[PDB]
Each structure stands twice: as C-alpha cells, then as structure tokens.
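# Summary of structural features
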Amino acid sequence: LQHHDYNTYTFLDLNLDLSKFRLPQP
Amino acid sequence: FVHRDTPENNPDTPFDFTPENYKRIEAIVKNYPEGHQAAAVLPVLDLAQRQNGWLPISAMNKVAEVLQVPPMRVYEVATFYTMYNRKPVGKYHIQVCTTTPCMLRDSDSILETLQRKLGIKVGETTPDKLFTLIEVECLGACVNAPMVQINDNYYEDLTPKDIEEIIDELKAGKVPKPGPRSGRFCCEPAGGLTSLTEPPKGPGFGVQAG
Amino acid sequence: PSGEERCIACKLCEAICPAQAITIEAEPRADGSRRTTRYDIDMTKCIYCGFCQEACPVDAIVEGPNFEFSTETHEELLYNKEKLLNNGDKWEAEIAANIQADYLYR
Amino acid sequence: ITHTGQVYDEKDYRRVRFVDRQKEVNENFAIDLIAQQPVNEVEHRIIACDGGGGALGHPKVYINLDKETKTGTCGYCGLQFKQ
Amino acid sequence: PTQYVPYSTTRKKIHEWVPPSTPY
Amino acid sequence: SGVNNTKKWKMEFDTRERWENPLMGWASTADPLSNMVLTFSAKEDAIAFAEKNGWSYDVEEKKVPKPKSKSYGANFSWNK
Amino acid sequence: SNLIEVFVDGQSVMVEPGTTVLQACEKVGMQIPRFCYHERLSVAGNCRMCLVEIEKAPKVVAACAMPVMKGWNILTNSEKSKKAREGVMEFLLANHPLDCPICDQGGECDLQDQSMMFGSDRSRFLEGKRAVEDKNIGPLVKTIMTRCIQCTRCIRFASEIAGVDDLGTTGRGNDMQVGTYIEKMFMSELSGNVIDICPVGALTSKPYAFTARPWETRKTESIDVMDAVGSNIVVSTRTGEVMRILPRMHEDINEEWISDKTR
Amino acid sequence: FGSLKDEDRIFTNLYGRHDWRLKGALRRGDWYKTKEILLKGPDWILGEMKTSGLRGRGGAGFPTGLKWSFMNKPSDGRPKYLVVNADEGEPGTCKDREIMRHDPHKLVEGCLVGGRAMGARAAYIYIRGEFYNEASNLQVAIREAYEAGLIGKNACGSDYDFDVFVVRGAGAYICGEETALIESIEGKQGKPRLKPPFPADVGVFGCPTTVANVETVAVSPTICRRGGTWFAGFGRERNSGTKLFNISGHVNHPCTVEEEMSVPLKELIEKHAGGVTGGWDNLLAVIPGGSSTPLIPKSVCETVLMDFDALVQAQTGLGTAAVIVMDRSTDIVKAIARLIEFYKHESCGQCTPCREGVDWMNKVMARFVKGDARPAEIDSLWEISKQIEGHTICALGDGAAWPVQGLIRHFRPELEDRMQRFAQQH
Ligand SMILES: Cc1cc2nc3c(=O)[nH]c(=O)nc-3n(C[C@H](O)[C@H](O)[C@H](O)COP(=O)(O)O)c2cc1C
Ligand code: SF4
Ligand code: SF4
Ligand code: SF4
Ligand code: SF4
Ligand code: FES
Ligand code: FES
Ligand SMILES: [Zn+2]
C-alpha cells in the first residue's frame with residue numbers, strides 16, 4: 001500500500017534524491 | 001483577479017522558504033536545464049503552496065525573488081492555474097468532480113450529501129476551517145466516477161454514504177483509507193479481469209527476431 | 001427624471017448637423033462623468049432638419065413642439081446650454097408625451 | 001453662477017450685455033441632482049442600466065458592482081449602484 | 001390635461017501669467 | 001492602424017488667425033483659404049498646381065514604413 | 001535569390017522568404033483586418049481576426065503568423081475569409097460594452113471600422129455581457145478596461161518597447177483581465193504610448209478624457225522641442241487651442257512613439 | 001474483430017496484478033532487449049514504428065513514426081528533447097492513469113527506447129499535478145531504474161545518454177496541448193503557440209522537442225520487441241494496434257480494458273466491460289473518444305466500430321477512446337451543457353473565437369436545458385459552433401464545437417420539445 005500513504009514532499013524530496021543520478025545539465 | 005492588499009493577505013505576512021524548503025527549491029532548479037530557472041516558477045510556487053495554503057501576495061513576490069523573474073510573471077502563473085490557492089484553504093479542502101462522466105454516474109448525488117454533512121454551502125470553508133468544499137472539474141479517474149479528491153487522497157467510486165463515513169473519519173482521527181472504497185482494485189472491471197486473467201508472460205517472451 | 005442632464009457630449013449631434021449650427025466643447029465634470037461645458041445651437045443657422053433628434057444616442061437633444069419663439073433681437077435666437085436646458089424643463093411634459101407616441105415608429 | 005460657473009466678470013468687456021436684461025442660468029443644477037440620487041442596491045455582481053424605459057433610455061450597459069469599495073456608476077446616468 | 005442674453009459658458013482657455021506684485 | 005488615409009498627397013495652405021468671438025465664444029477666422037485642402041494623386045501634379053496658381057510650395061517627401069522582419073518563431077528563442 | 005513568388009489574388013508579388021502572409025498582402029497593397037498585430041511589436045495571434053485563405057488549403061491561416069511559402073495564392077476577399085471575419089467580429093462585439101459615445105476613441109477605433117467594413121450588420125448575442133473592474137494604472141492613462149479585447153499589445157509594448165514588464169494577463173476564460181495583479185501604477189516614460197497602441201478605447205488618456213472627438217481635430221504635423229531627439233509629432237488643434245499631441249512616424253527619429261513629457 | 005490475446009496485450013501490469021515496481025517489471029521482462037534495440041540504431045527503431053503504422057494514442061491521430069521522424073533531422077547545436085504528457089484532462093481518460101500508476105516502468109523504457117529514436121538528450125514527463133500520488137509512483141520507478149543504470153549516461157550499458165524527469169502539472173486541461181505543455185515546462189502561462197514555428201523546430205527552450213501521449217511512448221519498446229508486424233496485424237488498415245478503451249457511465253462494470261482496436265461498439269460494452277446499464281436499448285448515445293469527440297446515437301453505434309478511420313466516416317473521433325455512455329435516463333441537453341461548462345472554466349482565453357464563443361455557447365446551452373430559448377436559436381448555435389471550429393489557435397475550440405454539433409445533429413427534435421415545453425407553461 002505504498003500508494004496509500006505518501007508525504008506532501010514525496011515528489012520533491014524524492015526528486016532531490018534523484019538529483020545525484022540526474023545527468024549533467026545542458 | 002485583483003489583490004486588494006488586506007492586513008491578513010498582503011506582504012506584512014512575511015514569507016521565506018524553510019531552510020529545508022530552500023533546499024527543495026534548488027533541487028527543482030537543476031532538474032530544469034542549466035541557465036534556466038524561470039521554468040521552475042510553477043514547481044516552486046507549488047512548494048510555497050506546500051508551505052502554506054494561503055500563498056499570499058507576499059509569498060508570490062518571494063517566489064519571483066528566489067526565481068529572479070518579473071514578479072508579474074509569478075502572479076500570472078498563480079492566477080492561471082486552479083491548483084494554486086490565492087486565498088486561505090481549509091485543512092481538508094475536498095474537491096468534488098462534477099464533469100458529465102461523474103454526473104452521469106451520479107457525481108451530483110454525492111454533492112448534496114457532502115453539503116449537509118459539512119453543513120455548509122459549496123465553495124467555502126467550514127466555520128471550523130476544518131473542510132473546504134469546491135465543485136472542481138474532471139480530476140481524472142473517471143472509470144471510478146463518484147469521486148472526491150481530498151489533498152490528493154483521490155477517493156473513488158464513492159456512494160453518498162461512503163463520503164459521510166470518510167468525512168467522519170477526517171473529522172475524528174486521520175488518514176481515512178484514501179482510495180476507491182468499493183471492492184474493485186485501482187480500475188478493474190467490477191466483474192473481474194477479462195483483459196488478462198492468465199499469468200503474465202515472462203521476460204523475453206515471444207520477443208521478435210532482428 | 002433624477003435630474004441629470006441627458007447629454008453625455010458624444011458630439012455626433014454636432015457631426016451630423018447639416019448647417020454647422022450646434023457647437024459643443026466638453027470636459028470631465030468633477031463627478032468624473034462626461035458633460036458639455038458649452039452647447040450652443042445657433043437657431044438662425046439651424047434649418048430644423050431633425051437629424052439631431054435622430055442622431056443622439058441618449059436622445060438628449062429633441063425637436064420640441066413649440067414653434068412660437070420669434071425674437072426681437074438676433075442674439076436671443078442664438079441659444080446656449082442654459083436656454084435649451086430651460087426650454088427642456090418647460091416643455092419636458094409634452095416632449096415626453098410626444099417621444100412616447102413616436103418611439104415605436106423610430 | 002451657471003453650471004460651469006460662467007462669470008462674465010466686474011471687469012470683463014462682455015458683462016455689459018446683461019445690463020437691463022437678465023442672464024440665463026439654471027436652478028436644480030444637475031451637478032448635484034444625481035448626487036441626490038439614492039444608491040441602487042443590487043444582488044448580482046453585474047447589473048444593467050437601460051437608463052430606464054429601454055428605447056427611451058441610454059444604450060444599455062452592464063456595470064460591475066463587484067467591489068463595495070466603489071458603487072458602479074453608469075457613465076450615462078451617473079447613478080451609483082450599491083452592490 | 002385633466003429678454004434672454006446669449007453668452008459663452010466655457011472657461012478661460014489660456015490663463016495668463018500675472019506679474020509679481022513684489023517690486024524688484 | 002489603417003493606412004487608407006496615407007495614400008494620396010494633399011497640399012494644405014498655411015494656418016492663420018483663429019480669434020475667439022466675443023458674443024458666443026465660437027472660433028472666428030479671417031483666412032478664406034484655411035479649410036481648403038486639395039487632394040492630388042502624385043507629387044508632380046501637386047507641384048504643378050502651386051506653380052500655375054502662384055502659391056509658394058515646400059514639398060515633403062513621402063516617408064513609408066520600412067520593411068520589418070517578423071516571425072513568430074524568433075521570440076520563442078530563449079537564447080534571445 | 002531569396003525571392004519567393006506568392007500570389008495575392010493572382011498578383012504574383014515576390015517576397016523574401018520569411019515574410020508573413022499579412023506582409024505579402026501589404027506589398028500588393030491589400031490590408032488584412034488586424035488586431036494584436038503591430039509592426040514593431042511581436043506577433044501574438046491572440047485576435048485571429050486576420051484569418052485568410054491560402055488557395056487549395058483546408059483551413060484558413062493566420063496572416064500575421066504563417067510565413068508565406070512558395071506559390072501559395074492568398075485569397076483575401078474570398079467567400080471564406082469573409083465568414084472568418086464576419087464571425088470573429090461577432091465575438092469581439094459580443095462581450096463589448098456599447099459606450100461608444102463614452103469611448104473617446106470614438107472615430108479612432110480600429111474595432112468599429114473593421115466591424116463597419118468587414119464585420120456584420122447585426123448582433124445575435126441575446127445573452128448577457130461581462131464587466132471588469134476599472135483600476136488605476138496611473139495619472140495619465142484611464143483604463144476603462146471592460147473595453148479590452150484581450151489583444152495583448154499592451155503587455156508586449158510594456159515589455160518589448162519599454163522595459164517595464166509589469167502589465168500582464170491574469171486568469172483564464174472570459175475573465176482574463178489584462179491589468180496589473182496588484183495595483184502598482186505603470187510609471188515609466190514611453191507610458192502614454194499604450195493609449196495610442198490599444199486600438200480599443202479601454203485605456204485612454206485621462207487629461208484628454210472628453211475634451212474633443214477626433215473628426216473635429218485639425219491635425220498639423222510638427223516637431224518635438226521638449227527633448228533633443230526631435231521626435232516627429234502631430235499637434236491636434238480644435239477651434240484654435242491644442243487638444244492633444246500624438247506621435248507621427250519617423251523611421252530614424254521617433255518610430256511611432258513619443259515621450260510622456262512631450263504629450 | 002478485437003479479442004486480443006492476453007499475451008499480445010502490451011500493458012500486462014494493467015490493473016496492477018504484478019509488482020508495478022522493478023522486480024515485478026523484471027518478471028514482466030520489460031527491460032529485455034533494450035540494449036540491443038538501441039544498439040541496432042535510431043533508424044532501426046523508426047523502421048519498426050513505420051512498419052507498425054501506429055497512430056497517435058492521444059486525442060489527435062497522426063502516424064507516430066512520421067512525427068518522431070521529423071526531429072530525427074541532424075542537430076543544429078541545440079539539445080533535442082523528449083516531452084511525455086501524462087496529463088489527461090479529457091473526461092474518461094483514466095486510460096493513462098493506469099500505465100503511470102500501475103506500470104511506471106513500461107513508460108521509463110518507452111522513454112529511452114523513444115529517446116534514441118529522436119536522439120533526445122533528456123525526457124520530461126508532465127503528469128497532471130492533480131495526481132500527486134501518481135507522481136510518487138513513477139519517480140520511485142525512475143529512481144529504481146537509474147540505481148540499476150537502466151537510465152542515465154551510458155544508459156543500459158550503451159553509448160547513448162538519457163535523463164528522465166517528472167514535471168508537476170497544475171490542474172489545467174489545456175496544459176495538455178502540445179504547444180502549451182511546453183510553455184508550462186518553460187514556466188510561462190499555459191497558453192498554446194501557433195503551429196507555424198512547429199514544435200520540432202522551436203522546442204522547449206528553443207531546442208527541438210517532440211510530444212507523445214504516454215501510451216504512445218509506452219508501446220514503442222514492446223512494439224520494437226514484438227516487431228512492427230505483430231503490432232501491425234491487429235489493427236485495421238491505417239488503424240492498427242491495441243489501444244486502451246475506457247468505458248464510463250451507464251454500463252454495468254465500467255473499466256479500462258486494453259482490448260483490440262476495431263471493436264464493434266456494441267461488442268465492447270456487451271462482451272467486456274459491462275453491458276449498457278439497463279439494456280443495450282437503453283442507450284440514448286455513445287461518446288467514443290471523450291468529451292472533445294461528438295457523441296453518436298444508438299442506431300449508428302453497433303454498426304460502427306472503434307477505429308479512427310471508421311469513426312471519421314461516422315463524423316466522430318476515436319480521440320482518447322474514452323467511451324462515455326448515456327442511458328435513456330439522462331438529459332443530454334444538460335449532459336453536453338456541462339461539457340461546455342467544462343470548457344468555459346478551462347480554455348486559456350488567448351484566442352478571440354474560443355474565449356467569447358465557448359462562453360456564448362455555455363450561456364445558450366444553459367437556456368436550452370431550461371427550454372427558455374426559442375427553436376430558431378438552435379441552428380444559431382450551429383453557426384456559432386463552426387465559427388469557433390475553424391478559427392481557433394489550438395484544437396480545444398475545435399473540441400468545444402463538436403459536442404454542440406452532435407447534439408444538434410442527432411437530438412434536434414428533443415431540444416425543440418424542451419423549447420416547446422417552457423413555451424406551453426408560460
Ligand atoms: C485542449 C487540449 C487538451 C489536450 N490534452 C491532452 C492530454 O491531457 N493528454 C494528451 O496526451 N494529449 C492532449 N492533447 C493533445 C496534445 O496536444 C498532443 O497532440 C498529443 O498529446 C500528442 O500525443 P500523440 O501524438 O502521442 O498522440 C490536448 C490537446 C488540446 C487541444
Ligand atoms: S446631444 Fe445627444 S448627441 Fe449631441 S452630444 Fe449630447 S448626447 Fe451626444
Ligand atoms: S472601443 Fe470605444 S468606440 Fe470602439 S467600439 Fe468599443 S466602445 Fe465604441
Ligand atoms: S488594453 Fe488595449 S491593448 Fe492591452 S489588451 Fe486590452 S486592448 Fe489590447
Ligand atoms: S482555443 Fe484559443 S483559447 Fe481555447 S485554448 Fe486553444 S488557444 Fe486558448
Ligand atoms: S470527470 Fe470526474 S474524473 Fe473524469
Ligand atoms: S492580427 Fe492576425 S493574429 Fe492578431
Ligand atoms: Zn444609466
């Protein structure tokens with residue numbers, strides 16, 4: 001039930017976590 | 001669409017991203033292309049909304065400041081989208097889908113029930129500031145038509161009573177099992193899974209040659 | 001009826017007058033509304049065509065019933081806003097009845 | 001004196017005209033007459049203003065009495081409307 | 001049912017500088 | 001933004017006295033050739049009218065808007 | 001080289017590649033009825049009052065926008081491009097407040113003319129009209145913006161010709177109002193040009209509010225002396241006192257714009 | 001003839017039933033030939049879709065291969081980009097909500113499979129902000145994939161580099177539009193641009209860009225895996241492939257089934273989903289592609305089937321293939337009336353014909369439901385409808401006109417009676 005519970009910052013904070021993976025900028 | 005400065009809603013209300021928020025703000029900036037920050041106004045404006053639902057004129061000015069854009073540029077973005085609220089928002093902020101698909105499947109039905117339960121007109125916050133009801137448009141998830149999004153909860157396939165039950169859950173306690181409160185899973189033919197009742201083929205199944 | 005003069009100085013009564021009779025100059029009244037500082041119909045110039053009656057959007061300028069206004073001096077015939085407004089107040093009851101009778105036709 | 005207070009003056013060379021003949025001025029000046037008009041209260045956000053009587057009024061305009069801060073005033077009648 | 005005098009009503013168009021009454 | 005009144009050449013006589021009238025305040029003019037503006041299709045023909053009628057003339061060259069390059073795609077350029 | 005040949009009603013005009021369909025009509029001499037397109041302002045396509053019909057094409061094209069291509073004959077007076085104007089003018093007028101005898105852009109309206117030449121004899125909008133709330137943009141421009149046809153030339157000028165970047169669109173739907181979100185006056189030189197550039201009389205000049213009406217104004221072409229750019233200007237005089245000074249175009253000196261001081 | 005086999009059904013994880021997460025995805029074997037495909041070449045990938053002849057899975061129908069082919073032209077020094085619009089504002093498009101929520105990965109490899117086809121530097125996925133929970137699911141999935149190294153520089157153990165991003169929508173149906181998705185991505189107001197500077201030519205941030213319905217991006221990896229032919233066979237002529245069909249409103253079991261395209265309309269409610277609530281004769285009308293497409297009345301429906309060619313013959317659009325059904329128990333005049341209310345609360349207002357026109361039809365439509373308006377007004381709305389259809393900057397004005405046109409086209413007698421009903425009681 002992951003869908004069943006997430007925080008208001010899930011999308012943003014998860015993304016920040018992904019920032020490291022994010023390939024270099026243009 | 002005019003912000004007549006009011007003691008409550010005006011820049012005297014100071015706004016600043018929490019040390020934690022500011023962190024988030026940049027995460028947004030680099031997700032967008034380098035040399036491009038303006039593109040992040042919306043995502044940022046959203047975190048100002050995450051910080052505070054009211055998002056007053058002071059908050060938009062800060063957004064423009066952090067994002068170094070013409071302030072109006074932020075004002076235009078906030079006004080265009082319904083997601084942003086330029087006025088105080090109820091803690092729960094329920095929104096009822098009333099497009100034809102939901103109406104055909106009774107969406108209107110739900111409304112009358114919720115107005116009575118919240119004991120308030122549609123469009124304003126309860127005196128308790130507990131809930132705010134608004135007649136929003138198609139919120140997606142039509143297969144499940146009766147529907148009422150509450151801060152993303154997106155409850156679905158709800159019969160009038162169900163909501164009253166949900167509202168009570170919200171009124172006392174929290175996290176009232178958000179989702180379609182009917183036997184069906186996500187979207188599934190109520191009968192079953194005609195589409196695929198067999199087991200899914202595994203990796204490299206019938207992968208074409210070449 | 002309230003007491004606010006109908007003319008709002010659009011000045012097309014001046015535009016369509018065939019004889020150049022009506023002279024209008026205007027400025028925003030303190031109220032902020034638009035009114036004519038000077039409205040002068042030169043009746044000796046006027047040929048009583050009745051187009052001004054036609055042209056006015058608010059129908060402020062009307063052809064009144066009275067035909068007996070012969071005057072000893074030429075200057076009396078030139079009419080400023082105060083004479084016409086006074087003429088309007090005197091004959092308003094009949095003017096209203098006359099416009100009442102003919103407006104469906106127009 | 002008059003609406004826009006025309007005052008041929010004590011030194012003008014035109015005030016000569018009224019000598020032995022009165023001037024045309026107006027009582028019930030309009031400037032104050034609509035100010036004397038009550039504010040038409042309304043329920044709707046926007047309201048019309050035929051001027052009263054349709055064809056016998058002014059080209060109909062819709063006024064936005066949306067802010068109690070200001071009573072909309074039809075540019076034609078000078079009638080203030082109180083939301 | 002049961003002598004006028006014509007005049008211009010407009011203001012002075014071009015106001016005129018008044019000389020300083022203070023002598024110098 | 002209409003340009004149908006910038007097509008034909010016109011020659012206009014010099015402006016003259018417009019004193020206020022004492023009795024009614026109407027503008028009064030002593031110059032007969034004031035309101036007269038004759039319209040001529042080409043610069044050459046208008047110059048001819050001045051020469052044979054003996055009025056002095058000072059022709060002003062037509063100035064037409066310069067071609068301007070526009071393209072909806074160009075402003076979408078974040079670069080510039 | 002670089003000279004396509006496009007036909008405007010079969011006139012084989014030749015234009016540099018990259019000229020808009022509206023521009024192609026101009027060199028032949030035809031005028032596309034236009035709102036929201038100003039020569040020295042970016043193309044926006046908001047009004048779409050300029051829809052024309054390139055030959056052998058399913059839909060009509062936006063003149064100000066389509067770069068004319070090779071051998072596309074423009075049909076500016078077709079039976080279609082007139083229903084594409086008879087039906088747009090239906091819309092601009094539908095939400096318009098008819099206070100033309102208040103609108104001091106009475107004879108200076110690019111919206112009555114185009115209605116009066118290219119639009120429709122009568123109205124079918126039996127429904128109700130909308131109203132916006134007049135605000136303060138300053139002491140020079142009177143914005144009776146219930147007049148606005150949302151043509152976004154102000155928002156352009158206020159950003160492109162002058163660098164104010166303040167005026168902006170607010171909201172969506174039929175209550176998009178193009179006014180400053182917070183009431184901050186539009187204080188800048190070059191400010192008064194908005195008056196001249198708004199074809200509607202929504203925002204017009206407050207000093208010259210109701211002193212005159214354009215047919216009367218005798219127009220004498222003269223030179224700006226307030227500043228040393230010597231901007232060309234037209235002094236509009238009625239019965240012998242100047243009523244307004246508005247710009248007249250000089251490519252090199254003031255190209256259609258004049259300062260707040262000299263008007 | 002539909003009845004696609006479960007095996008052929010591309011989106012197996014539909015309805016979930018299999019871990020939407022990577023380990024479920026590996027059992028799905030979604031990342032099976034990704035390295036090979038990219039290795040084959042970008043030209044090989046577009047050959048696969050050209051052979052597939054796939055049509056746009058979003059409301060507009062265009063050959064998918066040709067659209068991708070357009071920005072396959074050599075780079076001019078600006079990074080090419082991929083934009084995936086997960087926004088689906090159209091009513092009845094819960095179609096996409098599934099792939100995103102249930103099978104996020106399929107779309108992730110759809111993105112890189114598609115990316116090398118257009119040589120995109122990176123892909124931005126605009127999921128509607130309404131779906132916050134949905135977003136939570138995809139970036140968890142995107143995070144898994146990079147951790148694996150499936151995406152990122154040297155993605156899938158290959159020379160090619162790709163980065164996938166998710167962008168927050170803000171409750172706008174118009175954001176969905178191709179030129180307007182971009183502007184929202186750009187951060188300006190969501191107002192469409194004109195087509196003359198085409199999306200490939202002027203991209204987001206002035207860099208060539210391409211926009212695909214999430215379904216379109218998702219099927220590209222499986223179509224390359226199964227080959228264009230396999231996919232090509234299921235379709236009908238130009239029409240081809242299985243497209244998810246959502247049936248909502250007045251049906252016994254409303255559900256989204258990815259059954260085959262070219263399905264008799266009578267068959268999909270009768271055989272899958274749920275037979276029309278109240279009986280197949282209790283069908284006042286069918287909305288095949290969602291609100292934008294014109295509704296078709298019952299006599300036309302079973303005769304016609306769900307494929308874009310057949311529908312355009314029928315004067316209606318396959319669109320998002322969202323089937324909305326209206327029993328004889330509904331006031332259509334009010335049903336379509338709320339869709340016009342759906343469009344007045346939503347059109348951007350950038351263009352004159354949509355701004356005033358859609359509001360004008362809304363006012364007339366509300367009077368029509370009451371019956372206050374006279375019978376002559378009904379063809380008046382016809383004429384207002386086509387003024388807005390061909391003059392609008394984007395397609396939404398195209399879309400607003402069609403339901404109005406459908407109501408007048410097949411239900412003109414009913415509206416006249418509502419006209420008559422009010423006149424009688426005075
Ligand atoms: C008003 C409007 C709303 C739209 N909304 C969506 C949407 O929510 N999702 C979507 O995929 N396409 C939407 N479209 C179509 C897109 O602009 C674009 O054509 C389509 O997404 C391309 O997908 P495809 O080419 O892969 O089919 C919309 C178009 C218009 C005019
Ligand atoms: S009289 Fe009628 S027309 Fe002449 S100005 Fe006053 S209002 Fe306009
Ligand atoms: S703008 Fe002023 S003048 Fe032009 S039409 Fe609207 S109101 Fe009449
Ligand atoms: S104000 Fe004048 S210019 Fe600015 S939008 Fe409204 S009309 Fe176009
Ligand atoms: S049609 Fe005109 S108004 Fe409606 S959305 Fe597309 S652009 Fe904005
Ligand atoms: S209309 Fe209610 S979710 Fe589609
Ligand atoms: S004039 Fe054609 S787009 Fe505005
Ligand atoms: Zn009035």
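Residues numbered from 1 in each chain as written, not as in the entry; some residues may be left out. Chains lettered and ligands numbered in written order. Part of a larger assembly, values for the part shown. Heavy atoms only, no water.

Judging from the entry metadata, cryo-EM is the method by which this structure was determined, and 3.2 Å is the reported resolution.

## Quick word on the overall build of chain F
Spelled out, the test is: Note on conventions: DSSP H or I runs of at least 4 residues are helices, E runs of at least 2 residues are strands, and numbering of each starts at the N terminus. Our radius of gyration is a C-alpha quantity, and the globule rule it is checked against amounts to 2.2 Å times the number of residues to the power 0.38. For each residue, the accessible area found with a 1.4 Å probe, counting protein chains only, is set against the maximum for its type, and the residue is called buried under 20%, exposed over 50%, and partly exposed in between. A contact between two residues is defined here by any heavy atoms of the two lying within 4.5 Å. Each accessible area value is a Shrake-Rupley result obtained with a 1.4 Å probe; residue values ignore everything except the protein chains displayed when judging cover. In this tally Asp and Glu are treated as negative and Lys and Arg as positive; neither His nor the chain ends contributes. For charged residues, the charge sits on one atom: NZ in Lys, CZ in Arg, CG in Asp, CD in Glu.
Along its length, chain F carries 1 helix and 4 strands. The helix and strand sequence of chain F, counted from the amino end, reads β-β-β-β-α. Computed over C-alpha atoms, the radius of gyration of chain F comes to 21 Å, more than 25% over the 12 Å expected from 2.2 N^0.38 for 80 residues, which places it beyond the range of a compact globule. For chain F, the spread of C-alpha atoms along the three principal axes comes to 65 × 40 × 20 Å. Counting only residues that meet the buried cut, chain F has 19% of its 80 residues in that class. Contacts spanning at least 24 positions in sequence make up 46% of the contacts within chain F whose residues lie at least 6 apart. When the accessible surface of chain F is summed, it comes to about 6,000 Å², and 52% of that surface belongs to carbon and sulfur atoms. Across chain F, the 13 positively charged side chains and the 11 negatively charged ones have centroids separated by 15 Å.

## Brief notes about the interface of chain B and chain H
What counts, and what does not: Accessible surface is computed with a 1.4 Å probe, and the buried area is the amount of it that two parts give up when combined, taken over both parts together. By definition, a salt bridge exists where a carboxyl oxygen of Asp or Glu is found within 4 Å of a side-chain nitrogen of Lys or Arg. A 3.5 Å cut-off defines polar contacts: any pair of N or O atoms within that distance qualifies, except that in protein one atom must be a possible hydrogen donor and the other a possible acceptor, and neighbouring residues in sequence count only when both atoms are side-chain atoms.
Listed by partner, the interface residues are 61 residues for chain B and 78 residues for chain H. On the chain B side of the contact with chain H, B:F80, B:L104 and B:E137 bury the most area, a combined 11% of that side's loss. Across the contact surface, chain B and chain H share 3 salt bridges. Ionic pairing is found between H:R338 and B:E137, a salt bridge with its closest N-O pair at 3.7 Å. The interface formed by chain B and chain H holds 14 residue pairs in polar contact in total.

## With respect to the site of ligand 3
Convention followed: Consider each residue's heavy atoms; a residue with any of them within 4 Å of a molecule or strand counts as near. Put simply, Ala, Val, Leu, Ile, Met, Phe, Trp, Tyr, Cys and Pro go in the nonpolar bin, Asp, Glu, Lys and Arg in the charged bin, and everything else, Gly too, in the polar bin.
Neighbouring ligand 3 are the residues G:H96, G:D99, G:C100, G:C103, G:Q105, G:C109, G:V200 and G:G201. Of the residues contributing to the shell around ligand 3, the split by class is 4 nonpolar, 3 polar and 1 charged.

## Let's talk about the coordination of the zinc ion (ligand 8)
Quick note on the threshold: Coordinating donors are taken to be N, O and S atoms lying within 2.8 Å of the metal, or within 3.2 Å when the metal is Na, K or Ca; because water is excluded from the atom set, some sites may appear incomplete. Square planar and octahedral assignments, for four and six donors respectively, both demand that opposite donors be over 155 degrees apart and that all other angles lie between 65 and 115; tetrahedral needs four donors with all angles between 85 and 135 degrees, and anything else is irregular.
Taken together, the protein donors to the zinc ion (ligand 8) comprise D:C49 (SG), D:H58 (NE2), D:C74 (SG) and D:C77 (SG), at separations of 2.0 to 2.3 Å. Taken together, the 4 donor atoms surrounding the zinc ion (ligand 8) define angles of 86 to 146 degrees at the centre, an arrangement classified as irregular.

## Section: the nonpolar core
Note the following rule: Among the buried residues, those of types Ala, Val, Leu, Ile, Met, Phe, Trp, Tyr and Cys that are joined through side-chain atoms within 4.5 Å form a nonpolar core.
B:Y81, G:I74, H:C111, H:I125, H:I142 and H:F368 are the most contacted members of the largest nonpolar core, which has 218 residues in total. Membership of the second largest hydrophobic core comes to 33 residues, among which are G:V141, G:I197, G:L203 and G:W257.

## Some points on the interface of chain E and chain D
The parts lose accessible area when they come together, and the size of an interface is often stated as this lost area. Taken together, the contact pairs 9 residues of chain E with 11 residues of chain D. Carbon and sulfur atoms supply 54% of the area buried between chain E and chain D, which totals about 960 Å² over both sides. Of all residues in chain E, E:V5, E:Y7 and E:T9 bury the most surface against chain D, accounting for 54% of the area lost on that side. At the boundary of chain E with chain D, the tally comes to 0 salt bridges. Here chain E and chain D share 5 residue pairs in polar contact between them. Across the side of chain E that touches chain D, the residue classes break down as 4 nonpolar, 4 polar and 1 charged.

## Section: the packing of helix α1 (residues 19-31) of chain B against helix α2 (residues 41-51) of chain B
Residue and element names in this part refer to chain B. Stated formally: In this analysis, axes come from line fits to C-alpha atoms, helices being fitted only over the stretch in contact, and the angle between any two N-to-C directions falls in the range 0 to 180 degrees. Just so you know how the angles are binned, under 35 degrees is roughly parallel, over 145 roughly antiparallel, 65 to 115 roughly perpendicular, and the rest oblique. It is the rotation of the near helix from the far one that decides the hand of a crossing: anticlockwise by less than a right angle makes it left-handed, clockwise makes it right-handed.
Two elements in contact, α1 and α2, have axes separated by 9 Å at closest approach and are oriented at 160 degrees. With respect to their mutual orientation, α1 and α2 come out roughly antiparallel. The element α1 and its partner α2 pack so that their crossing is right-handed. Here α1 contributes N21, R24, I25 and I28 to the contact with α2, which in turn contributes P43, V44, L47 and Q51. Taken together, the residues that form the contact of α1 with α2 break down as 5 nonpolar, 2 polar and 1 charged.

## Here we look at the pattern of salt bridges
Taken as a whole and judged by the stated rule, the model has 69 salt bridges over all chains. One salt bridge in this structure joins G:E241 and E:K13, with 2.9 Å as the shortest N-O distance. Given a relative accessible area of 11%, G:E241 falls into the buried group. Taking the relative accessible area as the measure of exposure, E:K13 reaches 27% and is therefore partly exposed. Note that G:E251 is salt-bridged to F:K68, the shortest N-O span being 3.7 Å. Separated into two different chains, G:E251 in the segment after β10 (241-247) and F:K68 in the segment after α1 (43-53) make up a pair that spans both.

## Focus: the sheet that holds strand β4 (residues 209-213) of chain H
Residue and element names in this part refer to chain H. Worth spelling out the cut-off: When DSSP finds two or more bridges between two strands, those strands count as paired.
Reading across from one edge, β3-β2-β1-β4 is the order of the 4 strands in this open sheet, with parallel pairing throughout. The sheet is open, and its two edges are formed by β3 (163-168) and β4, each paired on a single side. Taking the axes of each pair of neighbouring strands and ignoring which way they run, one obtains an average angle of 25 degrees across the sheet. Judged from the 5 bridges that link them, strand β1 (residues 81-85) and β4 form a sheet pairing that is parallel. Looking at the pairing, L82 lines up with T210 of β4.

## What to know about the packing of aromatic side chains
Quick reminder of the rule: Two rings belonging to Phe, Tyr or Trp (six-membered ring only in the last case) form a pair when the distance between their centres is within 6.5 Å. Interplanar angles under 30 degrees mark stacking, angles over 60 mark edge-to-face geometry, and anything in between is tilted.
As enumerated under the stated definition, the model contains 30 aromatic pairs over all chains in all. Geometrically, the ring pair formed by B:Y154 and H:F131 is stacked, given 5.9 Å between the ring centres and 10 degrees between the ring planes. Of this pair, B:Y154 sits in the loop between β3 (147-150) and β4 (155-156) while H:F131 sits in the loop between β2 (122-127) and α7 (132-148), on two different chains. The buried category is assigned to B:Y154, whose relative accessible area is 2%. Measuring from centroid to centroid gives 4.5 Å for F:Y72 and F:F76, while their planes differ by 85 degrees, and the two rings are edge-to-face. Across the pair, exposure class does not vary: F:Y72 and F:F76 are buried alike.

## Some details on the pairing of strand β1 (residues 22-28) of chain C
Residue and element names in this part refer to chain C. Burial analysis of β1 places 5 of its 7 residues in the buried class, which makes it a mostly covered element. Of the pairings in the sheet, the one linking β1 to strand β2 (residues 34-42) comprises 7 bridges and is antiparallel in character. Residue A26 lies in a different strand from β2, and its bridge partner there is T36. Remark: 5 residues form the turn of the hairpin made by β1 and β2, two consecutive strands paired antiparallel; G32 in that turn has positive phi of roughly 100 degrees.

## Quick notes on helix α7 (residues 160-171) of chain B
All names here are of chain B. Which entries qualify depends on this criterion: A helix is expected to reach a length of 1.5 Å times the quantity of its residues less one. The arc in question is traced by the directions running from the helix axis to the C-beta atoms.
Relative to the 16 Å expected for 12 residues at 1.5 Å per residue, α7 spans 17 Å between its end C-alpha atoms, a close match to the ideal helical length. When we look at burial in α7, the residues that qualify are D162, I163, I166, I167 and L170. Viewed end-on, α7 has its buried residues packed into an arc of 135 degrees, placing them on one side of the element. Next to the buried residues of α7 lie β1 (94-96), α6 (107-118), β3 and β4. One or two residues past the end of α7 sits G173, with phi positive at roughly 90 degrees.

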